[PDB]
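Beneath this line is the structure, given in structure tokens, with notes to follow.
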Amino acid sequence: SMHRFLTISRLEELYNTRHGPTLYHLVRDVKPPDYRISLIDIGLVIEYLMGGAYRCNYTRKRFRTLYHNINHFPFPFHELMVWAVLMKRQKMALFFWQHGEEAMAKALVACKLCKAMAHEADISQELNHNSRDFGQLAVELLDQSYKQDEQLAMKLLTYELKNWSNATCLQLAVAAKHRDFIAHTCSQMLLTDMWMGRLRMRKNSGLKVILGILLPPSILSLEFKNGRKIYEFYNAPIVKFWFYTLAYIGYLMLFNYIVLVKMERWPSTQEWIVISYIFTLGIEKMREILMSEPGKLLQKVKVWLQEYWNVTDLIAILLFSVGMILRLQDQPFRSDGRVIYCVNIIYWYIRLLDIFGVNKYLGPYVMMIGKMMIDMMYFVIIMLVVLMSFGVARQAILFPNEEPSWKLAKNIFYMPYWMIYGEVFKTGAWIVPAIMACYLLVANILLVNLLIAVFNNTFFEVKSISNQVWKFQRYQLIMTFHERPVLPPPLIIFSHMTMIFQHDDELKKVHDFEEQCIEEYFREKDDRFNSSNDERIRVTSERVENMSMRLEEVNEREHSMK
Amino acid sequence: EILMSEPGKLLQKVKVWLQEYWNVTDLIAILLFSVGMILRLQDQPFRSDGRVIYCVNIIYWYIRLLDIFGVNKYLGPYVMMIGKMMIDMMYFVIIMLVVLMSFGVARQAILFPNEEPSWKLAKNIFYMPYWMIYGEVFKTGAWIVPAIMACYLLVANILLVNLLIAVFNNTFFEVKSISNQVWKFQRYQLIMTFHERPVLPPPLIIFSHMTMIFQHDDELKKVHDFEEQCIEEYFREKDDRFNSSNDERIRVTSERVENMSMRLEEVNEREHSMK
Ligand SMILES: CC(=O)[C@H]1CC[C@H]2[C@@H]3CC=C4C[C@@H](OS(=O)(=O)O)CC[C@]4(C)[C@H]3CC[C@]12C
Ligand SMILES: CC(=O)[C@H]1CC[C@H]2[C@@H]3CC=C4C[C@@H](OS(=O)(=O)O)CC[C@]4(C)[C@H]3CC[C@]12C
Ligand SMILES: Cc1cc(NC(=O)[C@H](c2ccccc2)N2CCCc3ccccc32)no1
């Protein structure tokens, strides 16, 4: 009995043993040669590898305190599989996964662990195979469960796991970035149901949401079927998304009207509205960070800072506040400070790109731009190397008598078309500049055509995958907007006030269903493999050889009998 | 044509007849042309205002030839590609605006520090001139910042142009991969459309309507037998082809070998006992 066999001392000895086929180095980095490894350190390194905002049942201070002070793991298979994947023992991990509770959750964790170990660190080989194999197994298990029962598969996809720090399968898949799992039909159906919220409407959803936002009192009553109806309509994430979009458009229009016209000693009403917008957004950001409690206050910001867009937003807010402060510093400083928050507008116009990835037909363009930014960066070096040489040569040939005056960069970088063409059309002094002009003119068009071809190839390569990639971001967007309150950014100031004012048989059935699903998967795999033509041909050949040999031997007996 | 579209009675005949978009557009164009003609004969003040309407109306008639240019083998792919790329251009417009308008507004705000709205800023922001911006490219910071803005705008313009080129190339390739197959379908519609129509041209069918008003089982059994024979032959051929498949034959041979080997092994014991 593994349950009876399992014990703290035995597991510690197993972990600390070196009699077998990167655990030591990784533990040392996370944490002393031949140091006695305990469950606490193993859990700590596990949490390190999983990522931020994660937890492990064994990897906790209370568990460490208990260990320091039955002693049987209720689910030994989980720890055994975690160890097996930790020490890079694949067949044993497969066997353990063959018999275990909540196999899908463990499989996704293994895929996450394999990828994380590969990135931290044969390393390439295991990354390509081990992590991919675990992900494929999870996908196959999901597919079988959906075939057996759609409702039960949907229920299994989302439910709190006490063992794994209460993280659903979807969250683990997203953390592992396994696009295949999310792309499955059941996952997309669940995401669409979540996005539509309580309302079941599925035809002309955008127009219906726009009408509901425009005409609450009349639209909401009818839209509820497709009081409490208005409240549940508001709480849906889609209407929140449209509300935020409209508020952002209004903010953009006010910002355009403010900076573009005039300035006075005291700001106008529109500038006050914009300042209120930014103040409320800052309050919302601070609240969101505050609710990001896991890891305590000190270790909450570190995880929250992973996203780049959030950091850019903070930087933009700081620059806007600095510009506003400088504005109210008399005319000499007002004129100097206006430009800063005039330039600040650029960030807000570009922030819509991160929101333009939601649409099916719009995200490919953003992905292509992101891909081609680096290509343009590299192309710039070649462009400079080619053009600057000829420009410098042409400039040197002309203006034989000259003084630096820090004014040659403009002359070399001018690169005019009409002027060069005219310059194209004693004798040698005229011939050489013509040759230089012709070479520059040819090089310009050569580079232009090269850039065109580069962009075409990059766009084709991006488009070959953008459709598959698009589906992943939907879960992030939906889980992001769903958590956010219902009021727009300028009106959530009251929302915070309301927030402050406010302050087992099914499990057994699911376990049985999972066991049945895995048994059926193994049976189907074995039957399909045994029914393969290649295997059957081999079996027939071996049987024929033995049958022929027996017949030949029997022939001698028949002759002797006669 | 609507009158002869009798099925569904008078009330339910228009509903079906209205499915085609081109017919509705034709009706709209006819109504606008008639309105413009009526306005034309309303003295000079209304004649000058009504002429423009039926001047603009010409655009529809020039574009109606596209629905007739799909017949040709080599001409329909272009129309299909245009129809496909219309939506792509619609989506591209949003990105173009989002990118360009920000820089344009920033540049406009940096310049003209003292200004009044006068409902005349859209032209300034949307001007987007090439030569003027290039000249503007080439105390110190006030000169540096506009140069940076101009350079960014100049780079963005060509980036967007190349992006549009790539998008159009990809869309054209995808359309051309299927246009040849698609073209054949429209021929039946065109043929059954023109066949029903009378012989005179549109301006002369006025007499055609006058002429119209003036005017006002063994084979079945053989066909049934042929169909029955065809379906029987199809089933027979399907069964024969499936049974002749290598995969099926290998399985059959393997099963027979196993049974034959088992019988031989059992017979061996009988032979030994007999001896
Ligand atoms: C590729 C080029 O052609 C560039 C690259 C480096 C540039 C140089 C940088 C340093 C200075 C010092 C300055 O003296 S000063 O009194 O005006 O400050 C005069 C201008 C001068 C000589 C630049 C001339 C142009 C460059 C050679
Ligand atoms: C992105 C932009 O820059 C555009 C978008 C919305 C436009 C504004 C719409 C409303 C009006 C009212 C008008 O007052 S009036 O007496 O002339 O009628 C002056 C012009 C003004 C301020 C426009 C300025 C330009 C915009 C800010
Ligand atoms: C389109 C579109 C824009 C957008 N902008 C926001 O939603 C919101 C915001 C509000 C006012 C000004 C600037 C941005 N902002 C950015 C992204 C999501 C988010 C999350 C928490 C707190 C703020 C915030 N949403 O759709």
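Assorted remarks:
- Number of residues in region B:160-197 that are in a helix (DSSP H, G or I) and either in contact with a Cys (Cβ under 8 Å, 6 or more places away or on another chain) or more than 30 Å from B:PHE103 (Cα to Cα) (or both) equals 25.
- Test: residue in region B:132-145 that is assigned to a helix (DSSP H, G or I), touching a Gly at 6+ places or on another chain (Cβ under 9 Å) and facing another protein chain (nearest Cβ under 10 Å): no
- Boolean, A:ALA84 is assigned to a loop (DSSP other than H, G, I, E, B) and among the aliphatic types (A, V, I, L, M): no
- Out of B:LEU39, B:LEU121, B:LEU100, sole residue that is out of contact with any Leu (no Cβ under 8 Å at 6 or more places or on another chain) and either hydrophobic (A, V, I, L, M, F, W, C) or under 28 Å from A:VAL339 (Cβ atoms) (or both): B:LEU39
- Residue that is nearest to ligand 1 (Cβ to nearest atom) [pool: residues in region B:115-131 that are part of a loop (DSSP other than H, G, I, E, B) and of a type outside the set (A, V, I, L, M)]: B:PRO129
- First in region A:351-371 and under 18 Å from A:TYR244 (Cβ atoms), second anywhere and within 16 Å of ligand 2 (Cβ to nearest atom) and assigned to a helix (DSSP H, G or I), Cβ under 7 Å, 6 or more apart: A:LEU352/B:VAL98
- Filtered residue count, region A:256-274, keeping only those that are assigned to a loop (DSSP other than H, G, I, E, B) and not hydroxyl-bearing (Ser, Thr, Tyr): 8
- Scanning region A:146-155 for residues that are touching a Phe, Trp or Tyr at 6+ places or on another chain (Cβ under 8 Å) and in a helix (DSSP H, G or I) yields A:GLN148, A:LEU152, A:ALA153.
- In the set (1) over 23 Å from the mean Cα position of the chain (by Cα); (2) surrounded by 15 or more Cβ atoms within 10 Å (Cβ to Cβ); (3) under 30 Å from A:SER466 (Cβ atoms); (4) of a type outside the set (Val, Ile, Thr), the condition left unmet by B:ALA150 is number (3).
- Of the criteria (1) more than 16 Å from ligand 3 (Cβ to nearest atom); (2) more than 24 Å from A:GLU47 (Cβ to Cβ), which one A:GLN299 fails: (2)
- For region A:515-536, the set of residues classified as in contact with a helix residue (DSSP H, G or I) (Cβ under 6 Å, 6 or more places away or on another chain) and within 11 Å of chain B (Cβ to nearest Cβ) consists of A:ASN533, A:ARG536, listed by residue number.
- Of the residues examined, A:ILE445 is not one that is assigned to a helix (DSSP H, G or I) and either within 16 Å of ligand 3 (Cβ to nearest atom) or in contact with a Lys or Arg (Cβ under 9 Å, 6 or more places away or on another chain) (or both).
- Residue that is nearest to ligand 2 (Cβ to nearest atom), among those in region A:231-288 that are within 13 Å of chain B (Cβ to nearest Cβ) and more than 24 Å from A:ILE315 (Cα to Cα): A:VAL261
- Residue within region B:198-208 that is within 14 Å of chain A (Cβ to nearest Cβ) and outside any helix (DSSP H, G or I) present: no
Every number in this text was worked out from the coordinates using simple rules, so none of it is lab data. Using ideal geometry, Cβ is built from the backbone for each residue, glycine included, and neighbour counts are taken over all protein chains shown.
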